[PDB]
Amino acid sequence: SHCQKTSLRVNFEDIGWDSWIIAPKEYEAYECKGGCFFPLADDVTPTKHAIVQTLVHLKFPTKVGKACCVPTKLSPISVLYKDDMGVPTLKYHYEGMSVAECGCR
């Protein structure tokens, strides 16, 4: 039950972006969920600082928070958007929209 990519389907109208995004209506953003506690998995790929903070958090749980399961690499998607003039326009690689990799940081 450690840090990993799980599914997260995002509807653009729900987050108030339908005003400038015609299509798609929903996309697969994924999310990173899970713990960063010891012992770790063989593919968490954690930084030295995340390891140190996890140890410090264990010894002082009230003073220092835990490390975090976050996206460590993102992928683009394509969106059809009405530009400032108002015409549908394709953005082929809308960067940073979907999780490619998760990790403890």
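We call the rigid core whatever largest set of C-alpha positions still superposes within 1.5 Å between the two forms. A residue's number is simply how far along the shown sequence it sits, counting from 1.
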Stretch farther from the shown model on average in 6 other deposited structures of this protein, with CA RMS computed after core superposition (38 to 46, 61 to 69)
38 to 46
Mean CA B-factor: is it higher for 69 to 77 or for 39 to 47?
39 to 47
Identify the stretch, either 1 to 9 or 94 to 102, whose C-alpha atoms have the larger mean B-factor according to the entry.
1 to 9
Quick check for you: using the entry's CA B-factors within this chain, is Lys63 in the lowest, middle or highest third?
highest
